[PDB]
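The structure appears right after this line, and notes come after that.
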Amino acid sequence: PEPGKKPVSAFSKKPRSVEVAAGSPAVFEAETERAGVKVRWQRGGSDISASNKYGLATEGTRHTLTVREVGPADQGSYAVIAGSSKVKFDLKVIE
């Protein structure tokens, strides 16, 4: 059976899964339970970072990952870690 209570949560707001049509812009809102920590993002295949073809907007304890290059091939599994706590969400692409 499942446990009783989870460990110290480090994600104030988990980036719930979203849906975006191929080509359409897709952003994920992820808030950490602590400030100062650098929330690292990763996609199904390679890691994600604030650079071309992608976008990362961090502000204190908030982290929003913007992905405009998202397409029919992005219909995999999204992963995002923030120091110790690790969470991953699914991105359902629309056709």
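Residue numbering restarts at 1 in every chain; chains get A, B, ... in the order shown in the structure tokens, and ligands count up from 1 in that same order.
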List every residue of region 26-83 of chain A that has an atom at most 10 Å from any atom of region 8-17 of chain A, giving for each one its closest atom pair and the distance in Å to one decimal, counting only C-alpha atoms, sorted by chain and then by ascending residue number, as a Markdown table.
```
| residue | atom | partner | partner_atom | distance |
| --- | --- | --- | --- | --- |
| A:27 | CA | A:15 | CA | 9.5 |
| A:28 | CA | A:15 | CA | 5.8 |
| A:29 | CA | A:15 | CA | 5.2 |
| A:30 | CA | A:15 | CA | 4.5 |
| A:31 | CA | A:13 | CA | 4.6 |
| A:32 | CA | A:11 | CA | 4.0 |
| A:33 | CA | A:10 | CA | 4.4 |
| A:34 | CA | A:10 | CA | 6.5 |
| A:35 | CA | A:10 | CA | 9.8 |
| A:37 | CA | A:10 | CA | 9.9 |
| A:39 | CA | A:11 | CA | 10.0 |
| A:61 | CA | A:12 | CA | 8.3 |
| A:62 | CA | A:13 | CA | 8.6 |
| A:63 | CA | A:15 | CA | 9.2 |
| A:64 | CA | A:15 | CA | 8.7 |
| A:65 | CA | A:15 | CA | 9.4 |
| A:77 | CA | A:17 | CA | 9.7 |
| A:78 | CA | A:17 | CA | 8.7 |
| A:79 | CA | A:15 | CA | 9.8 |
| A:80 | CA | A:15 | CA | 8.7 |
| A:81 | CA | A:11 | CA | 9.3 |
| A:82 | CA | A:10 | CA | 7.3 |
| A:83 | CA | A:10 | CA | 8.2 |
```
| residue 56 (chain A) environment, 9 Å, only C-alpha atoms, sequence neighbours closer than 4 positions dropped, as a PyMOL selection string | chain A and resi 41+48-51+63-67
| Pick the closest to residue 45 (chain A) from A:5, A:76, A:86, A:95: which is it, counting only C-alpha atoms? |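 Once distances to residue 45 (chain A) are computed over only C-alpha atoms, the minimum belongs to A:76.
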| message | Residues near residue 23 (chain A), anyone? I mean within 10 Å using only C-alpha atoms, not counting same-chain ones fewer than 6 positions away, as a PyMOL selection string. | response | chain A and resi 67-72+93-95
Could the residues in this selection be saved with N, CA, C and O atoms as a short mmCIF file (atom, residue, chain, number, x, y, z; two decimals), in the first residue's frame?
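Final file, part_16.cif:
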```cif
data_model
loop_
_atom_site.label_atom_id
_atom_site.label_comp_id
_atom_site.auth_asym_id
_atom_site.auth_seq_id
_atom_site.Cartn_x
_atom_site.Cartn_y
_atom_site.Cartn_z
N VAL A 67 7.73 27.32 -24.42
CA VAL A 67 8.19 26.56 -25.57
C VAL A 67 7.30 26.82 -26.78
O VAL A 67 6.17 26.34 -26.85
N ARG A 68 7.83 27.57 -27.74
CA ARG A 68 7.08 27.89 -28.96
C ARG A 68 7.40 26.90 -30.07
O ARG A 68 6.61 26.71 -30.99
N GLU A 69 8.57 26.26 -29.97
CA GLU A 69 8.99 25.29 -30.97
C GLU A 69 8.24 23.97 -30.80
O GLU A 69 8.39 23.05 -31.60
N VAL A 70 7.42 23.89 -29.75
CA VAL A 70 6.64 22.69 -29.47
C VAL A 70 5.88 22.24 -30.71
O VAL A 70 5.23 23.03 -31.38
N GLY A 71 5.98 20.94 -31.01
CA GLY A 71 5.29 20.40 -32.17
C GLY A 71 4.73 19.01 -31.92
O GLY A 71 4.53 18.60 -30.77
N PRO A 72 4.48 18.27 -33.00
CA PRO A 72 3.94 16.91 -32.92
C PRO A 72 4.95 15.92 -32.35
O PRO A 72 4.59 14.82 -31.93
N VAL A 93 0.11 16.98 -27.27
CA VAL A 93 0.03 17.86 -28.43
C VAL A 93 -1.27 17.64 -29.20
O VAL A 93 -1.71 16.51 -29.39
N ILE A 94 -1.87 18.74 -29.64
CA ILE A 94 -3.12 18.67 -30.39
C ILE A 94 -2.86 18.67 -31.89
O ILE A 94 -1.94 19.32 -32.37
N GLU A 95 -3.69 17.93 -32.63
CA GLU A 95 -3.55 17.85 -34.08
C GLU A 95 -4.83 18.31 -34.78
O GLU A 95 -5.93 17.92 -34.40
#
```
| task | Record the distance separating CA of residue 43 (chain A) and CA of residue 88 (chain A), expressed in Å with one decimal. | result | 9.4 Å
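CA of residue 75 (chain A) lies 25.4 Å from CA of residue 38 (chain A).
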| request: Step one, run DSSP on the backbone; step two, keep only residues of chain A assigned to strand (DSSP E); then write them as JSON, numbers by chain. | output: {"A": [18, 19, 20, 21, 26, 27, 28, 29, 30, 31, 40, 41, 42, 47, 48, 55, 56, 57, 58, 59, 62, 63, 64, 65, 66, 67, 77, 78, 79, 80, 81, 82, 85, 86, 87, 88, 89, 90, 91, 92, 93, 94]}
| note | If you count only C-alpha atoms, the residue of A:2, A:90, A:74, A:59 closest to residue 46 (chain A) turns out to be A:74
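Our summary of the geometry notes that CA of residue 92 (chain A) is positioned 10.5 Å from CA of residue 26 (chain A).
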